[PDB]
Amino acid sequence: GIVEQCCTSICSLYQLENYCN
Amino acid sequence: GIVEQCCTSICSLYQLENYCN
Amino acid sequence: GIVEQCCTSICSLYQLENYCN
Amino acid sequence: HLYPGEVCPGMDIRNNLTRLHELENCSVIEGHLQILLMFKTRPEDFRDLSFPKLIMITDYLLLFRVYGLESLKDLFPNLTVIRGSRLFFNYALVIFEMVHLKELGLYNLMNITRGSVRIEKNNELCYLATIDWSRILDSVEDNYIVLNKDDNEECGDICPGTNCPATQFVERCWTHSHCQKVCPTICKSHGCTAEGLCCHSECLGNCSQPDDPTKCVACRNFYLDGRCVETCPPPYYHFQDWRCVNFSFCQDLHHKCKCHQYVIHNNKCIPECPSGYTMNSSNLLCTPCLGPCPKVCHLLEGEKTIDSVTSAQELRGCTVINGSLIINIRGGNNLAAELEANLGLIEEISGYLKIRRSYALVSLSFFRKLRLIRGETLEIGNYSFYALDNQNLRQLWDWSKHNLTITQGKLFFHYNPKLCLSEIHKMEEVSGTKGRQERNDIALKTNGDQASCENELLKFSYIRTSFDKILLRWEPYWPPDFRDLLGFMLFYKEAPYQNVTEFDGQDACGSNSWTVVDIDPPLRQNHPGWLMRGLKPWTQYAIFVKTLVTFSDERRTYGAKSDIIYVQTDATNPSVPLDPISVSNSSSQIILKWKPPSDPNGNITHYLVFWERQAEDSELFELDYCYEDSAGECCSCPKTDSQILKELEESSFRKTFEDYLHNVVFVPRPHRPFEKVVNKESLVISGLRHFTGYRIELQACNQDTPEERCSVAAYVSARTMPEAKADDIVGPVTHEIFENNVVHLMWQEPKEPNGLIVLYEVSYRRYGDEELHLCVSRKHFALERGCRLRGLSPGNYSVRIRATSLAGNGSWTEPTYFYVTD
Amino acid sequence: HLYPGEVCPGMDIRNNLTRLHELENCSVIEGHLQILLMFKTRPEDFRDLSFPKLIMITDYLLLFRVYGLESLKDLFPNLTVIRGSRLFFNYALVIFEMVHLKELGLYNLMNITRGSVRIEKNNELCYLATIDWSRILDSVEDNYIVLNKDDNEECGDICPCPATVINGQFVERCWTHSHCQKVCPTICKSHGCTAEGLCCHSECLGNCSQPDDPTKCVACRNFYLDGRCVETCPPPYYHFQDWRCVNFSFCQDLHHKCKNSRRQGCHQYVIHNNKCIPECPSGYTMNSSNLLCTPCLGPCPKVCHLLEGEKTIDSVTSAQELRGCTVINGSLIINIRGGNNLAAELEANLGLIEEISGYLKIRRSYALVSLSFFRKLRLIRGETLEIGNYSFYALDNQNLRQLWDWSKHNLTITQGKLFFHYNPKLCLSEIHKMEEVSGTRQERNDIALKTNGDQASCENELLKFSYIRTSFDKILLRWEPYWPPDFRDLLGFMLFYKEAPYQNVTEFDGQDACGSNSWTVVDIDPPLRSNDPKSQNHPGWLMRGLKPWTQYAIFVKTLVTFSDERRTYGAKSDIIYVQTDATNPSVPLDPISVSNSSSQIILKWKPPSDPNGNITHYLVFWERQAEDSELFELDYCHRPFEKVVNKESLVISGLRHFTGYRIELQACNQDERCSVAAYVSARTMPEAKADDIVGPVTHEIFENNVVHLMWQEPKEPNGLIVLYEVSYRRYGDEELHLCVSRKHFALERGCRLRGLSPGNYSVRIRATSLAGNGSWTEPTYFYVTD
Amino acid sequence: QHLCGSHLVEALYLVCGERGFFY
Amino acid sequence: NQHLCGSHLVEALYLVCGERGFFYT
Amino acid sequence: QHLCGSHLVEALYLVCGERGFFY
């Protein structure tokens, strides 16, 4: 889930590029 | 051979064609 | 004697070894 | 009387007996007199002697555990005054930790010019509480007499006669064979002779002739040419305000010192020029310096070694240093800040500098007023700068926050691998060593190793701002061999400064002041960057980006860096106004005080306020009374050496496997009111109601014209105090006399209840009997419009009424006298 | 019998898919296998065709750049054993730049004899946490599973199995959604198991067809002959590839085939160890007698010339290349690029080299802490040398701090200087020891003595604390007097110290760390002597910043100037764990006094701020406190002690109801010394029943309308009585309440109602203590007279 | 460091501003 | 970049030819 | 550290062990 990588962990620049449509 | 010429220095297309047989 | 050398600057082991008698 | 012998300079007698005898020839102790460090003498290794020539000591007398001294009549039986022009811990007479001294032997000591006296830890000394100090000193608080055997009254006291003019304790004395001198009221505090006579004011201590200036033992104001004068004509300068020393004497003192170098100023041969004066050369004239000039603390013989931060505190409040320094301190948290506070005010150094065998530093800039090293003292080999045996160093002194110039001596950079060659070149260029026809000696063969010296610039391609974040993007950057790139290590810090550099703060072992973020290599072109994870609104931050690169055996770098940028985050609403305090001191005066927002988020245009009106509660009338960023996983989070080594080793392993495979794979061919307060932490409100509640809302605001964005509501309720107009019945009391004996006591409610009325106390007393209490409740009052005395016996009944409420008490309505008749 | 196919020679397949047909005409592949540059396959090319042959591969596997390969089973659904005779860069399976693998397809390969797996550059890979690496990998040689999708999520390592917990994963172990893991006993996991999950014979390997039977298997562990797994075969047969046996005809055929060289790599075949090997190992001269390795006659050194005149080793594959060679002609480079430890394998594969005629470079070591790979190098000819004339090069090495023993191994370097630069982990002691043995006698070489020994312990002399005095605030140390032969090198000492709860402190490496870091170094000033005693004979240091009762691990090192001497590299003092003395027990923390009843008060406290010594007992003191008395001038109208050892809670019992109390809590670590008193106070709850009027109100009536009231104070007043609510009540009239003050009650033994009227009256009184309100007393009746 | 809710949507906005996002 | 190594090298060489193959060792 | 008065006396007593106290 998005929370696992951004809430529980830290999302980098390119990390959030995979959650954009 | 390939790494010492292609990685250390720039390889032209002639060098790349060397490995086409 | 020893006051002027251990109350103006930090004292040292060897400084006390010279006035022990 | 006049000094019989010749003056001798101050001396420190330690482990010597001949030096003790030398005091006999002495007549004036020009300097301090130390009697210390005698661990070789015993009571069978000493003697008794009298010094008839010594009559005065110019400075303090120090006694320090002198073995073999049983009394103070063995060294000086003639001393009279201890002026103490110099001081030791503010005491002009110091006897510290002196034992086997059973008594004292002074006979002429009767005055002290200035200073104090210390008598402590002397558990074997006697006659120390039988000495007056109204004639020797000018106060009784300028001498410390404690931890003494005579301060406990355990000592035996004897004195001459049953003849001494002196007034357990019997008379003022110092020894069985000597005493103190008491003299009549027509004398003065400038001493009085043993005979029992007075002495003049120009004299000091005892005196040969009573009240005569021509004959004195010592002069308090001045001494010159054989007579007690009150001034010193040229070129004789005032010496310790006790004599006159000609210019030759002061110059001789100067030559012998460089005791402190002697200066001439105010027609006085004083040791140091006061603050505010520059040292005119070849005359030592303390001419008024232009501007405030810190005193110059010279270096003994031009040298000072610093191996600890304690010695670095010996330069405090100085500008010019006469000599060389050797800074070789290692260790300690935030060493650079310590050095900046220790010597940040040292304007120049006339000596050489050595940074040999130094550690726990990352830069050499710890000065903030230096722009020139004189280098008058030269190191063997024509060298004025020195750097030896150092394993860590990332910088030298910058040219935009520090200036420097060198006029003599070669440069020296040895065993400084992290010190890049370019820094050495810049030093050689700016300093000017080559310009003045000089050639330096360096160790560049062992320098420039294990430190990035070749850098590239990163150009920002796109940037935008938000209220709590700053997005950054830079032009795609790739090393010649893309395998070198391992990502980027961004370093940011809160920087209000506009000339921020990465050498601000830290510069010591285990100290850091720059936060760090890590970003992966850009994907395959996508512009690499990084979005901050929240920030403080309206605050600027310094940010740059470095690039990790694969390193060779000695040194290899494909590195690039970014310039310092100060981008501010837009503002948002501010926080709650800290500490709302609505305090009253009257029923029509309330002060609303508050503190600014914890997070202002830009300047506060104004402070918004709201409040609602209240009223007395009605119920009272019906009542009767008679994992996450918050916890943290790293609070500073630098990469460790082990991590960088593992990263580099794995990167190399991967590259090696790749090349290995490639080499065999490929082969060639074969409504609430409001108010606004602008810039104020106070508010005045007047013309309020008494005993009324006021609930005040308080917010802060950072913008007024573009839109109203303010802090979240804050509330505080203040209750005004009640005025006192309800302590007695307001208005008259309606009553009538009946034959039923029923006295229905009517009365009107006061103008205002000030909240509610607790009760009414009514006292009915026939002929003024005991005063009774009767609970007149709110409901009973409303029902009967007060009270109702159902029947009374005949008699002159006096009725007093007190309106007991929260408005105060302590007074009753005057008694109404009604004569009941049945 | 056990292999349903021929024995094909190793194949290399690039681009064309036609050669893959040969994989279906044989089930045994001698040699390695590589499938790469497969740029012509599509998903329909790996799903409409599958090779049912291939059981065992003797050397390794290499799948790279394969298009549309989504499962391992799509190519070989029956590969069972990888013998690992040779490796590929310390690996026996490699996945590189694969962009179509989404699941595995191998479920009959349970043991890798040599090597590891190299999974890298995969971004669609699933199922890598359900493979039970421990069960498969029984050898670990730098196994790195990186550049995958299991650190992010693609599928989530889940499938619809035994689900055993052996690697730390509680999820089902599987290889495909239609497949599950196969488990067998570990006692029978090094010899392979059957396809039923039970034990198998020890002469079989991998998959088996009959559990615990060597007659029917799918692979053999020792040798394969007669179609049965045996332990050895008759010698009219010779073991080839070490997995089978074959008669002499095949051996002589191979020998004849290479007689006239037309094969680049073939060597005339011979037989040693009852195997048809390509070339006899050193010590056996290659002379045919019937193709048998006959004994050597005189010196038979094997000069194994190396390519490039230099060879760098970072993998065991290159090391095994030169096994069985005695004389080496050329140089070499040691470069440990990451990975696991290899020194044991290095000595195992190169320990037979006894002579080198070149130089030897060493750089970036990551697994060598001690050099142990050469125990035979006695003569270094050095016929080739670096420009600089260095026969040894030590650069960028931060893992080595040891060298070969010098009482069992010799080394005489006949030429070239010894290069040693930027090696702080390597100590100058061993450097000079070898400078003395090699000799290139004794000769000073260009070696920087300021770049080696800066981050390691290289001291060679030693100190011993002679006089030690321990105290709560001052720790004095006095070690043996020591000065180097040159009495101008002593620059002070290094008093290393750090906090230790218990002795677990291991001596530091030898670098310089200060600030808030572990093992805080503290420079000590030189004694300023000639090493002759002037007034002291024991040099040391008296540190005084210590706190009471705290143990510190402290050792001392020595800094001296460098020289070209073997010695004078500094001294080292032994380590000591100096526990300081306890003189303060410390102030207790957070005292909590709370009353739980009218005679029960519970106390609380936390352990002292600083634990110094064993707490021998806790000291408490308390006594009855009285209340403030002000009702006689105003009107509103030793000490008990207990000792509890190692307790954090106490309750007071024996107190009276109401009145304040004062308690003091002190910590003690002797029995005596105690800490400073801590003050806290609480009061018991008051008993409202004890404040109720007792006895009835007597009425001394006198006709002055004076009804004197005789009531009595409560049975046990709480503190004292503020006042009395004497509420007399005349029926048929307004209720009244009288505030009888304490002063009036004392003066008149109660009150005296005056100003009354005649008639039946009823008085109720409620006594009020300082705190707590009692209850109304009975309404005593009295007929007031006039 | 971490991002959730409002902070995460604002990050998805600033990071992806040339193309639409989803949450 | 402009250098050819690893992934870049193989993705830069495959461009030259993919229908003739490479030399067989 | 700094040694003065009583502290210096204490330190001199404790540190020395070969000679008596002199100060």
# chains A, B, ... in the order shown; residues from 1 in each chain; ligands from 1

$ residues_around --residues "region 4-18 of chain F" --least-positions-apart "2" --cutoff "10 Å" --atoms "only C-alpha atoms" --output "tab-separated table (two decimals) with N, CA, C and O atoms, in the first residue's frame"
chain	number	residue	atom	x	y	z
A	2	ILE	N	0.21	2.38	-0.41
A	2	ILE	CA	0.92	3.66	-0.45
A	2	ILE	C	1.36	4.08	0.95
A	2	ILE	O	2.37	4.78	1.11
A	3	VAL	N	0.62	3.67	1.98
A	3	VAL	CA	0.98	4.05	3.35
A	3	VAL	C	2.21	3.28	3.80
A	3	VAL	O	3.01	3.79	4.61
A	6	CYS	N	5.01	5.41	2.13
A	6	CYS	CA	5.03	6.84	2.43
A	6	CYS	C	4.64	7.18	3.85
A	6	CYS	O	5.16	8.15	4.40
A	7	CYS	N	3.74	6.42	4.47
A	7	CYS	CA	3.36	6.70	5.85
A	7	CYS	C	4.27	5.94	6.80
A	7	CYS	O	4.93	6.54	7.66
A	8	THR	N	4.33	4.61	6.66
A	8	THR	CA	5.21	3.82	7.51
A	8	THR	C	6.68	4.08	7.18
A	8	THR	O	7.54	3.97	8.06
A	9	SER	N	6.99	4.42	5.92
A	9	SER	CA	8.36	4.70	5.52
A	9	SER	C	8.45	6.05	4.83
A	9	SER	O	7.47	6.80	4.79
A	10	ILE	N	9.62	6.39	4.28
A	10	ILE	CA	9.82	7.66	3.59
A	10	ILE	C	9.82	7.44	2.08
A	10	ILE	O	10.59	6.62	1.56
A	11	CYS	N	8.98	8.20	1.37
A	11	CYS	CA	8.92	8.14	-0.09
A	11	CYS	C	9.86	9.18	-0.67
A	11	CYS	O	9.83	10.35	-0.27
A	12	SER	N	10.70	8.77	-1.62
A	12	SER	CA	11.63	9.68	-2.25
A	12	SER	C	10.97	10.37	-3.44
A	12	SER	O	9.76	10.26	-3.66
A	13	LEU	N	11.77	11.10	-4.23
A	13	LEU	CA	11.26	11.80	-5.40
A	13	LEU	C	10.63	10.82	-6.39
A	13	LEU	O	9.44	10.91	-6.72
A	14	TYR	N	11.44	9.88	-6.89
A	14	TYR	CA	10.98	8.90	-7.86
A	14	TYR	C	9.99	7.91	-7.27
A	14	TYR	O	9.26	7.25	-8.02
A	15	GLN	N	9.93	7.80	-5.94
A	15	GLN	CA	9.00	6.88	-5.31
A	15	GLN	C	7.56	7.33	-5.55
A	15	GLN	O	6.69	6.52	-5.88
A	16	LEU	N	7.30	8.63	-5.39
A	16	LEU	CA	5.96	9.16	-5.61
A	16	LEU	C	5.59	9.25	-7.09
A	16	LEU	O	4.42	9.47	-7.41
A	17	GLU	N	6.56	9.07	-7.99
A	17	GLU	CA	6.29	9.12	-9.42
A	17	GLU	C	5.53	7.89	-9.90
A	17	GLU	O	5.02	7.89	-11.03
A	18	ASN	N	5.45	6.85	-9.08
A	18	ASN	CA	4.76	5.61	-9.41
A	18	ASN	C	3.31	5.62	-8.93
A	18	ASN	O	2.56	4.69	-9.24
A	19	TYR	N	2.91	6.66	-8.20
A	19	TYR	CA	1.56	6.81	-7.67
A	19	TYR	C	0.81	7.94	-8.35
A	19	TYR	O	-0.24	8.37	-7.86
A	20	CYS	N	1.32	8.43	-9.48
A	20	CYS	CA	0.71	9.52	-10.23
A	20	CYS	C	0.20	8.99	-11.56
A	20	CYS	O	0.88	8.21	-12.23
A	21	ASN	N	-1.00	9.41	-11.94
A	21	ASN	CA	-1.61	8.97	-13.19
A	21	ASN	C	-2.04	10.16	-14.04
A	21	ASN	O	-2.85	10.98	-13.62
D	464	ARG	N	10.13	25.56	-7.50
D	464	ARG	CA	8.88	26.18	-7.10
D	464	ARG	C	8.83	26.17	-5.59
D	464	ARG	O	9.60	25.47	-4.93
D	465	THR	N	7.92	26.96	-5.02
D	465	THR	CA	7.81	27.06	-3.58
D	465	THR	C	6.36	26.88	-3.13
D	465	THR	O	5.42	27.21	-3.84
D	466	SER	N	6.22	26.35	-1.91
D	466	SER	CA	4.95	26.11	-1.24
D	466	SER	C	5.02	26.77	0.12
D	466	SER	O	5.98	27.50	0.40
D	468	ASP	N	5.18	25.14	3.10
D	468	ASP	CA	6.05	24.42	4.02
D	468	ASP	C	7.01	23.47	3.31
D	468	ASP	O	7.55	22.56	3.95
D	469	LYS	N	7.24	23.65	2.01
D	469	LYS	CA	8.14	22.79	1.26
D	469	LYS	C	8.78	23.59	0.14
D	469	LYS	O	8.28	24.65	-0.26
D	470	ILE	N	9.90	23.08	-0.38
D	470	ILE	CA	10.61	23.71	-1.49
D	470	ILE	C	11.06	22.60	-2.43
D	470	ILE	O	11.93	21.80	-2.07
D	471	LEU	N	10.48	22.56	-3.63
D	471	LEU	CA	10.87	21.56	-4.61
D	471	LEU	C	12.10	22.03	-5.36
D	471	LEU	O	12.18	23.18	-5.79
D	472	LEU	N	13.07	21.14	-5.53
D	472	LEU	CA	14.29	21.47	-6.26
D	472	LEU	C	14.52	20.48	-7.39
D	472	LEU	O	14.28	19.28	-7.24
D	529	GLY	N	16.14	15.41	-8.52
D	529	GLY	CA	15.84	16.45	-7.56
D	529	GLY	C	15.45	15.86	-6.22
D	529	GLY	O	15.75	14.70	-5.92
D	530	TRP	N	14.77	16.68	-5.42
D	530	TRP	CA	14.30	16.25	-4.11
D	530	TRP	C	13.30	17.24	-3.52
D	530	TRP	O	13.51	18.46	-3.59
D	531	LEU	N	12.21	16.74	-2.94
D	531	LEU	CA	11.21	17.58	-2.31
D	531	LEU	C	11.39	17.50	-0.80
D	531	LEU	O	11.37	16.40	-0.24
D	532	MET	N	11.56	18.65	-0.16
D	532	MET	CA	11.72	18.68	1.29
D	532	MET	C	10.52	18.05	1.98
D	532	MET	O	9.39	18.11	1.49
D	533	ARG	N	10.76	17.43	3.14
D	533	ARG	CA	9.70	16.81	3.92
D	533	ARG	C	9.26	17.79	5.01
D	533	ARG	O	9.60	17.66	6.18
D	534	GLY	N	8.49	18.78	4.58
D	534	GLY	CA	7.96	19.83	5.43
D	534	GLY	C	9.03	20.82	5.86
D	534	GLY	O	10.21	20.46	5.93
F	2	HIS	N	8.44	11.15	7.15
F	2	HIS	CA	7.27	10.39	6.74
F	2	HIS	C	6.21	11.32	6.15
F	2	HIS	O	6.23	12.53	6.36
F	20	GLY	N	-1.29	14.69	-14.13
F	20	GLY	CA	-2.20	14.47	-13.02
F	20	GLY	C	-1.71	13.38	-12.09
F	20	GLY	O	-0.82	12.58	-12.41
F	21	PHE	N	-2.30	13.34	-10.91
F	21	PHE	CA	-1.96	12.36	-9.88
F	21	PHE	C	-3.20	11.61	-9.44
F	21	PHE	O	-4.32	11.85	-9.91
F	22	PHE	N	-3.00	10.67	-8.51
F	22	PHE	CA	-4.08	9.86	-7.98
F	22	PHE	C	-3.74	9.45	-6.56
F	22	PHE	O	-2.57	9.25	-6.22
F	23	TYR	N	-4.77	9.33	-5.73
F	23	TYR	CA	-4.58	8.95	-4.33
F	23	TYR	C	-5.76	8.13	-3.83
F	23	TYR	O	-5.62	7.29	-2.94

$ calpha_fit_and_write --fixed "chain A" --moving "chain B" --output "PDB file with N, CA, C and O atoms, in the first residue's frame"
ATOM      1  N   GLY B   1      -0.835   0.089   0.279  1.00  0.00           N
ATOM      2  CA  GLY B   1       0.428   0.158  -0.432  1.00  0.00           C
ATOM      3  C   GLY B   1       1.130   1.492  -0.274  1.00  0.00           C
ATOM      4  O   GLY B   1       2.314   1.550   0.055  1.00  0.00           O
ATOM      5  N   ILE B   2       0.396   2.575  -0.527  1.00  0.00           N
ATOM      6  CA  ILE B   2       0.972   3.910  -0.401  1.00  0.00           C
ATOM      7  C   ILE B   2       1.343   4.207   1.050  1.00  0.00           C
ATOM      8  O   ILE B   2       2.416   4.747   1.330  1.00  0.00           O
ATOM      9  N   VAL B   3       0.453   3.880   1.989  1.00  0.00           N
ATOM     10  CA  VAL B   3       0.709   4.163   3.400  1.00  0.00           C
ATOM     11  C   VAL B   3       1.861   3.324   3.947  1.00  0.00           C
ATOM     12  O   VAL B   3       2.691   3.823   4.716  1.00  0.00           O
ATOM     13  N   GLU B   4       1.934   2.043   3.576  1.00  0.00           N
ATOM     14  CA  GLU B   4       2.996   1.193   4.114  1.00  0.00           C
ATOM     15  C   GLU B   4       4.386   1.637   3.670  1.00  0.00           C
ATOM     16  O   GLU B   4       5.368   1.381   4.375  1.00  0.00           O
ATOM     17  N   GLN B   5       4.503   2.288   2.515  1.00  0.00           N
ATOM     18  CA  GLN B   5       5.805   2.739   2.036  1.00  0.00           C
ATOM     19  C   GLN B   5       6.100   4.201   2.351  1.00  0.00           C
ATOM     20  O   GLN B   5       7.239   4.540   2.680  1.00  0.00           O
ATOM     21  N   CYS B   6       5.096   5.072   2.240  1.00  0.00           N
ATOM     22  CA  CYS B   6       5.241   6.506   2.478  1.00  0.00           C
ATOM     23  C   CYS B   6       5.144   6.901   3.942  1.00  0.00           C
ATOM     24  O   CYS B   6       5.829   7.833   4.377  1.00  0.00           O
ATOM     25  N   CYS B   7       4.292   6.236   4.716  1.00  0.00           N
ATOM     26  CA  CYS B   7       4.114   6.613   6.110  1.00  0.00           C
ATOM     27  C   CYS B   7       5.095   5.849   6.993  1.00  0.00           C
ATOM     28  O   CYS B   7       5.839   6.462   7.764  1.00  0.00           O
ATOM     29  N   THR B   8       5.104   4.517   6.897  1.00  0.00           N
ATOM     30  CA  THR B   8       6.043   3.722   7.685  1.00  0.00           C
ATOM     31  C   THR B   8       7.480   4.183   7.446  1.00  0.00           C
ATOM     32  O   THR B   8       8.216   4.470   8.396  1.00  0.00           O
ATOM     33  N   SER B   9       7.897   4.261   6.183  1.00  0.00           N
ATOM     34  CA  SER B   9       9.242   4.701   5.837  1.00  0.00           C
ATOM     35  C   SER B   9       9.182   5.934   4.938  1.00  0.00           C
ATOM     36  O   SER B   9       8.125   6.317   4.434  1.00  0.00           O
ATOM     37  N   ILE B  10      10.343   6.566   4.755  1.00  0.00           N
ATOM     38  CA  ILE B  10      10.429   7.760   3.920  1.00  0.00           C
ATOM     39  C   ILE B  10      10.281   7.423   2.438  1.00  0.00           C
ATOM     40  O   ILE B  10      10.863   6.451   1.937  1.00  0.00           O
ATOM     41  N   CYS B  11       9.501   8.236   1.727  1.00  0.00           N
ATOM     42  CA  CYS B  11       9.299   8.096   0.288  1.00  0.00           C
ATOM     43  C   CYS B  11      10.095   9.139  -0.483  1.00  0.00           C
ATOM     44  O   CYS B  11      10.036  10.331  -0.167  1.00  0.00           O
ATOM     45  N   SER B  12      10.819   8.686  -1.499  1.00  0.00           N
ATOM     46  CA  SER B  12      11.574   9.574  -2.364  1.00  0.00           C
ATOM     47  C   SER B  12      10.627  10.088  -3.444  1.00  0.00           C
ATOM     48  O   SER B  12       9.466   9.679  -3.522  1.00  0.00           O
ATOM     49  N   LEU B  13      11.114  11.001  -4.285  1.00  0.00           N
ATOM     50  CA  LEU B  13      10.224  11.514  -5.320  1.00  0.00           C
ATOM     51  C   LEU B  13       9.854  10.441  -6.336  1.00  0.00           C
ATOM     52  O   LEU B  13       8.780  10.527  -6.947  1.00  0.00           O
ATOM     53  N   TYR B  14      10.704   9.424  -6.515  1.00  0.00           N
ATOM     54  CA  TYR B  14      10.366   8.350  -7.441  1.00  0.00           C
ATOM     55  C   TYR B  14       9.130   7.600  -6.966  1.00  0.00           C
ATOM     56  O   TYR B  14       8.268   7.231  -7.772  1.00  0.00           O
ATOM     57  N   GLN B  15       9.025   7.373  -5.653  1.00  0.00           N
ATOM     58  CA  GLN B  15       7.859   6.685  -5.110  1.00  0.00           C
ATOM     59  C   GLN B  15       6.598   7.500  -5.349  1.00  0.00           C
ATOM     60  O   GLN B  15       5.555   6.956  -5.728  1.00  0.00           O
ATOM     61  N   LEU B  16       6.678   8.813  -5.123  1.00  0.00           N
ATOM     62  CA  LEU B  16       5.530   9.680  -5.350  1.00  0.00           C
ATOM     63  C   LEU B  16       5.105   9.655  -6.813  1.00  0.00           C
ATOM     64  O   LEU B  16       3.908   9.625  -7.120  1.00  0.00           O
ATOM     65  N   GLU B  17       6.076   9.664  -7.733  1.00  0.00           N
ATOM     66  CA  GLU B  17       5.748   9.642  -9.157  1.00  0.00           C
ATOM     67  C   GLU B  17       5.065   8.344  -9.577  1.00  0.00           C
ATOM     68  O   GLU B  17       4.415   8.314 -10.628  1.00  0.00           O
ATOM     69  N   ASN B  18       5.198   7.280  -8.779  1.00  0.00           N
ATOM     70  CA  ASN B  18       4.557   6.004  -9.091  1.00  0.00           C
ATOM     71  C   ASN B  18       3.053   6.165  -9.283  1.00  0.00           C
ATOM     72  O   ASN B  18       2.450   5.485 -10.121  1.00  0.00           O
ATOM     73  N   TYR B  19       2.432   7.048  -8.506  1.00  0.00           N
ATOM     74  CA  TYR B  19       0.994   7.271  -8.544  1.00  0.00           C
ATOM     75  C   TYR B  19       0.571   8.355  -9.529  1.00  0.00           C
ATOM     76  O   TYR B  19      -0.581   8.799  -9.482  1.00  0.00           O
ATOM     77  N   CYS B  20       1.460   8.783 -10.423  1.00  0.00           N
ATOM     78  CA  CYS B  20       1.147   9.790 -11.433  1.00  0.00           C
ATOM     79  C   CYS B  20       0.984   9.064 -12.762  1.00  0.00           C
ATOM     80  O   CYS B  20       1.944   8.487 -13.284  1.00  0.00           O
ATOM     81  N   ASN B  21      -0.230   9.094 -13.304  1.00  0.00           N
ATOM     82  CA  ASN B  21      -0.531   8.439 -14.572  1.00  0.00           C
ATOM     83  C   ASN B  21      -1.490   9.281 -15.403  1.00  0.00           C
ATOM     84  O   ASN B  21      -1.279   9.495 -16.596  1.00  0.00           O
TER      85      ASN B  21
END

$ calpha_fit_rmsd --fixed "chain F" --moving "chain H"
1.1 Å

$ residues_around --residues "residue 500 (chain E)" --least-positions-apart "2" --cutoff "8 Å" --atoms "only C-alpha atoms" --output "CSV table (one decimal) with C-alpha atoms, in the first residue's frame"
chain,number,residue,atom,x,y,z
E,498,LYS,CA,35.2,5.0,28.4
E,502,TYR,CA,30.4,-4.3,33.4
E,503,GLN,CA,33.6,-5.6,31.9
E,504,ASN,CA,32.7,-6.1,28.2
E,505,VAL,CA,35.2,-3.6,26.9
E,551,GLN,CA,33.5,2.1,36.5
E,552,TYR,CA,35.6,3.2,33.5
E,553,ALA,CA,37.7,1.0,31.2
E,577,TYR,CA,38.5,-1.5,34.7

$ interface_residues --of "chain E" --to "chain G" --cutoff "9 Å" --atoms "only C-alpha atoms" --output "short mmCIF file (atom, residue, chain, number, x, y, z; two decimals) with C-alpha atoms, in the first residue's frame"
data_model
loop_
_atom_site.label_atom_id
_atom_site.label_comp_id
_atom_site.auth_asym_id
_atom_site.auth_seq_id
_atom_site.Cartn_x
_atom_site.Cartn_y
_atom_site.Cartn_z
CA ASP E 12 26.81 -21.87 -25.46
CA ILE E 13 23.63 -20.49 -27.05
CA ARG E 14 23.49 -16.93 -28.40
CA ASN E 15 20.63 -15.49 -30.51
CA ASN E 16 19.52 -18.56 -32.50
CA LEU E 37 21.66 -12.51 -26.24
CA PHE E 39 16.96 -11.30 -28.91
CA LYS E 40 14.55 -13.33 -31.08
CA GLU E 97 19.33 -7.98 -16.76
#

$ select_by_dssp --residues "region 222-277 of chain D" --states "strand (DSSP E or B)" --output "list in words"
residues 224, 227, 237, 238, 239, 243, 244, 245, 263, 264, 265, 268, 269, 270 and 277 of chain D
